[PDB]
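A.B. asks: pasting the sequence and an experimental structure:
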Amino acid sequence: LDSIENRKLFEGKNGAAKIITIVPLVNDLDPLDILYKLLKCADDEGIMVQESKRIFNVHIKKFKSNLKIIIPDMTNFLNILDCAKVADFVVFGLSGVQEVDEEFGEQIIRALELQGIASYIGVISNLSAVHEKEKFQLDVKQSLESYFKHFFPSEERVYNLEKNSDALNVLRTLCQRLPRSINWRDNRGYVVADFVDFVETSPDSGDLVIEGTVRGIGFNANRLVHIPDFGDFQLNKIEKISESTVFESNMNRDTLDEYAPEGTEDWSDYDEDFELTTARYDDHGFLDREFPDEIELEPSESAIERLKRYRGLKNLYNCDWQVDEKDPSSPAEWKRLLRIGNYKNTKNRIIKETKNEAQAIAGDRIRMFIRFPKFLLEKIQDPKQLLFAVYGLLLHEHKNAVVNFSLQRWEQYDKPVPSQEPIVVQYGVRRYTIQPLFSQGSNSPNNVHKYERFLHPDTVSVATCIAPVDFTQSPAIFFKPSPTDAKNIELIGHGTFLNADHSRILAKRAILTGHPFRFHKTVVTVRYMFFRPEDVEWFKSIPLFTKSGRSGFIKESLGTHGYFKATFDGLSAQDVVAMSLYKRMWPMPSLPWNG
């Protein structure tokens, strides 16, 4: 009972700011018409919009509450998403004449829902164009209502802005009804800039002043800040405006370092240094998919040199594979990454620390001085036209680490997706061009997982890469920018930022194909596997298997052309002799994404 009074206060007084985003899901639907029909309900004529251009601050006197209306750039799909993630309420605009495009309008409903929506409302301003008779118009309104309920059953009736009865009910909801909270946005800080100015300090960099009201967890002078399509930046000063305090950047401020100082690799020896006449074999445990992992050796090149970093495994679930081991293939950044022991506990601690050590709480008007470089000012667009939102970053969020994303294919995405090709990933407001190693999610004791070359279509897979830490487990949207597509991007998949564990070891499989030709009572001769007698001698330790379900071992080399004799438990001139080998796959560093 007490909690309801405290939660209302920030928005139910002369110092409130309610973010409302107008999202018309149809090509031939104007957002200004949707706004005019919504602002018509209030008796104050001086509220009405003509020629602020897209982002307006309107004070509705009928419900004694300030409203902040945002109109996105419909040419850019990502801008529509950007305006909605900052919104407290989203006004979806449906058309009576034109149907919602599956490739664009429908995809907006899909993408906004997957990145996180605070509150939604169905609205029709195009009902007049259908018919003159109310019997024909209501049949169209009911048809749109069934479509809107299919995406989310939270809304039962799609309000029509034509009738003053339904339009007054919408404004009453946008002004009085408390909006829902978005986990990642509200646990961070978020300020929608009303006015942006710049102060020169040096001929290279200065201070970018942002005036706005704090929403979410709040802001701290030491904590880093993030401007979308610009990057992460450090703060210098923050001024609090109160109706009848200044917080400065300390010695304990966060650094803009992506990786640890060059030399950190020399201060820790968690390395399994390994030194042989026979190839490596790990037998610690108890004993479509084959085709993509199959490999074929070249006759000129030796298999010892090619498959040097490969290990034979009796069982991948029980093998003693180790993290941080000595390997030349491993990235240089590996030791310079953020190593989090227990993500679950570090995530809760930083969140609790941020809320408790917050300087400018939600509802406070602030003047944010951001240490900004002068060269980036040419890309800054008017805050009244294009949404200028500043999202606060938690402790060590800038720092890169071995991050794990859960990812499921976007509905009706039959196209394949390989596990090394660059894909843009939007986790929260941040977006980076990620090269993700896919692996099927499993509860293995050794945390060793088989590296899948392509995204599995039946279930949800796990993408592993090197990217900065997200301490809010923000939902992730995976896309590839397409120029041929209506919306400048081609949405690949959706998911969530799982954790930041390096303990997840990924192993690439290599299956050697071999064909038997000669058959003695016990001695079976295979030929298409190796092409050197030395190569046969080296891989002798790794047991052989057959696609028919037989098991065996290499006896010795026959000729100088890699022919070999082998003994099996059960095969003919039609069976395929095979050998499975495994190598460690290291995560790949990712670059940021703007525009």
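C.D. replies: On my side now, so go ahead. Numbers count the residues shown, from 1 in each chain.

A.B. asks: ends of stretch 449-462, how far apart?
C.D. replies: 10 Å (CA to CA, to the nearest Å).

A.B. asks: which residues touch residue 374?
C.D. replies: Neighbour list for residue 374: 200, 203, 204, 205, 206 [criterion: CB atoms under 8 Å, 6 or more residues apart in numbering]. (C-beta placed from N, C-alpha, C; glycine too.)

A.B. asks: neighbour-wise, which of these leads?
C.D. replies: residue 206 (19 neighbours; other CB atoms under 10 Å).

A.B. asks: if I pick it, what's in contact with it?
C.D. replies: 198, 199, 200, 372, 373, 374.

A.B. asks: of those residues, closest to residue 246?
C.D. replies: Nearest to residue 246 among those: residue 199, at 14.8 Å, using CB to CB.

A.B. asks: wait, doesn't residue 216 sit right on residue 392?
C.D. replies: Yes - assessed by CB atoms under 8 Å, residue 216 is found in contact with residue 392 at 7.4 Å.

A.B. asks: please identify the buried residues of stretch 429-436?
C.D. replies: For stretch 429-436, burial by neighbour count (16 or more other CB atoms under 10 Å) applies to 429, 430, 431, 432, 434, 435, 436.

A.B. asks: quick one: contacts of that stretch?
C.D. replies: Taking CB under 8 Å, 6+ apart as the rule, stretch 429-436 contacts 82, 85, 185, 226, 228, 389, 391, 405, 407, 419-425, 463-465, 467-468, 470, 474, 478, 588, 590-593.

A.B. asks: repeat that with 7 Å
C.D. replies: Residues from elsewhere that reach stretch 429-436 (CB atoms under 7 Å, 6 or more residues apart in numbering): 85, 226, 228, 391, 419-420, 422-425, 463-465, 467, 588, 590-593.

A.B. asks: which non-adjacent residue is nearest residue 324?
C.D. replies: Leaving aside its sequence neighbours, residue 324 sits nearest to residue 270 (CB to CB, 6 or more residues apart in numbering; 4.2 Å).

A.B. asks: quick revisit: which of the buried residues of stretch 429-436 sit farthest apart?
C.D. replies: 429 and 435 (21.3 Å).

A.B. asks: one step back: so which of the contacts of stretch 429-436 belong to helices?
C.D. replies: Among these, the members found in helices (DSSP state H) are residue 85.

A.B. asks: which of the contacts of stretch 429-436 fall in strands?
C.D. replies: Under the assignment DSSP state E, the contacts of stretch 429-436 contribute 226, 391, 423, 424, 425, 463, 464, 465, 467, 591, 592 to strands.

A.B. asks: break down the stretch 251-400 of the chain into its strands, ranges please.
C.D. replies: Applying DSSP state E, counting those that start in this stretch to the stretch 251-400 of the chain gives strands spanning 281-282, 294-295, 312-313, 365-373, 389-392, 400-409.

A.B. asks: ok so, going back, could you dump the buried residues of stretch 429-436 to a markdown table with distance to residue 34 and secondary structure?
C.D. replies: Formatted as a markdown table, the buried residues of stretch 429-436 follow (distance: CB to CB, whole Å; DSSP: H, G, I helix; E, B strand; the rest coil):
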| residue | distance to residue 34 | secondary structure |
| --- | --- | --- |
| 429 | 25 | coil |
| 430 | 30 | strand |
| 431 | 28 | strand |
| 432 | 34 | strand |
| 434 | 36 | strand |
| 435 | 41 | coil |
| 436 | 39 | coil |
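
A.B. asks: so what sits against both of residue 216 and residue 392?
C.D. replies: Joint contacts of residue 216 and residue 392 (CB under 7 Å, 6+ apart) are 188, 189.

A.B. asks: more neighbours: which of those two?
C.D. replies: residue 392 (25 against 20).

A.B. asks: beta partners for that one?
C.D. replies: residue 225 (DSSP bridges).

A.B. asks: list the contacts of it.
C.D. replies: Contacts of residue 392 by CB under 7 Å, 6+ apart are 188, 189, 219, 223, 225.

A.B. asks: give me the nearest residue to the first one, chain neighbours excluded.
C.D. replies: So the one you mean is residue 188. Nearest non-adjacent residue to residue 188 (CB to CB, 6+ apart): residue 392, at 5.1 Å.

A.B. asks: for the nearest residue in space to residue 393 that is not next to it in sequence, give me phi and psi.
C.D. replies: Leaving aside its sequence neighbours, residue 393 sits nearest to residue 224 (CB to CB, 6+ apart; 4.1 Å). Residue 224 has phi and psi values of phi -80, psi 170 when expressed as degrees, to the nearest 10.

A.B. asks: cool, residue 23 as well?
C.D. replies: According to degrees, to the nearest 10, residue 23 has phi -120, psi 90.

A.B. asks: that one: neighbour count?
C.D. replies: Residues near residue 23, counting by other CB under 10 Å: 25.

A.B. asks: what's the answer for the one 4 residues further on, then?
C.D. replies: Burial measure for residue 27: 14 neighbouring residues, criterion other CB under 10 Å.

A.B. asks: does it really touch residue 98, like I thought?
C.D. replies: Yes - when contacts are counted by CB atoms under 7 Å, residue 27 is listed as touching residue 98 (6.5 Å).

A.B. asks: pull out the buried positions in stretch 19-39.
C.D. replies: With burial defined by 16+ other CB under 10 Å, the residues of stretch 19-39 counted as buried are 19-26, 29-31, 34-35, 37-39.

A.B. asks: same question, stretch 152-161
C.D. replies: Neighbour-count burial for stretch 152-161 [16+ other CB under 10 Å]: 158, 159, 160, 161.

A.B. asks: just the CA atoms of that stretch, as CSV, please.
C.D. replies: Taking Å, rounded to 0.1, in the frame of the first residue of the first chain, the C-alpha atoms of stretch 152-161 are listed here in CSV:
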residue,chain,number,x,y,z
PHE,A,152,0.2,-9.7,-27.5
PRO,A,153,-3.1,-10.5,-25.7
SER,A,154,-2.4,-7.6,-23.1
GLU,A,155,-4.5,-5.3,-25.3
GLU,A,156,-8.2,-6.3,-25.9
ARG,A,157,-9.5,-3.2,-27.8
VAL,A,158,-7.7,-1.1,-30.4
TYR,A,159,-8.8,2.4,-29.7
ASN,A,160,-10.0,4.7,-32.6
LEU,A,161,-8.8,8.3,-32.5
